[PDB]
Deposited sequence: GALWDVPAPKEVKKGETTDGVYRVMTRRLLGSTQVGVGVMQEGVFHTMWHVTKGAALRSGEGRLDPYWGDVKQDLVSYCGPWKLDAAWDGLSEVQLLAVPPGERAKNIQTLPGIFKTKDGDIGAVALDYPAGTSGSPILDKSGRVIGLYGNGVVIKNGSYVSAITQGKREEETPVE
């Protein structure tokens, strides 16, 4: 239940994604788990909230992450690729311009099992999750939920 970044694994074992544990709630992207329950050691994590359009899902309680890109500063992707230790990748986001407002985006292309990796601001707050995007090269929205 410890705060941190976790791999999401399936059963040989494969990494299907990544998620963020914070305040006893596990956060990942809907397309990683499709809402399935997760095993954590001898414990079980059950889905609590989810939304396909936002491509987000929380386990054991409501979404907790609320920081947002400031629109000027570089950010770090805390990538956790399959078979590699977690690593920080710094970048200046671009922008998804939509009809309901702008969303930060990062033009970083990591393996699919990296989906759900957190994106951080300078204070270490999670401003969203990596792995829902478009192709121009892949560009990921910085996907954040509502607390």
Missing C-alpha stretches, by deposited numbering?
1 to 16, 28 to 30, 156 to 158, 170 to 176
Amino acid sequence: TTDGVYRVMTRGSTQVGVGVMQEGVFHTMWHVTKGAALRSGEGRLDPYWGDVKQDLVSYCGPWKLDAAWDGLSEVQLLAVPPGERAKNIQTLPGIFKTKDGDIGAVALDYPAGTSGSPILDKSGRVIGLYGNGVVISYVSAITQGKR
From here on, numbers count along this sequence of modelled residues.
Looking at the entry, does 95 to 103 or 54 to 62 show the higher mean C-alpha B-factor?
95 to 103
Averaging only over Cα atoms, indicate whether 83 to 91 or 25 to 33 has the higher B-factor in the PDB entry.
83 to 91
Check where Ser137 lands among this chain's C-alpha B-factors and tell me if it's the lowest, middle or highest third.
highest
Position of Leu72 among the chain's modelled residues by C-alpha B-factor, lowest, middle or highest third:
highest
How does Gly41 rank on Cα B-factor within its chain, lowest, middle or highest third?
highest
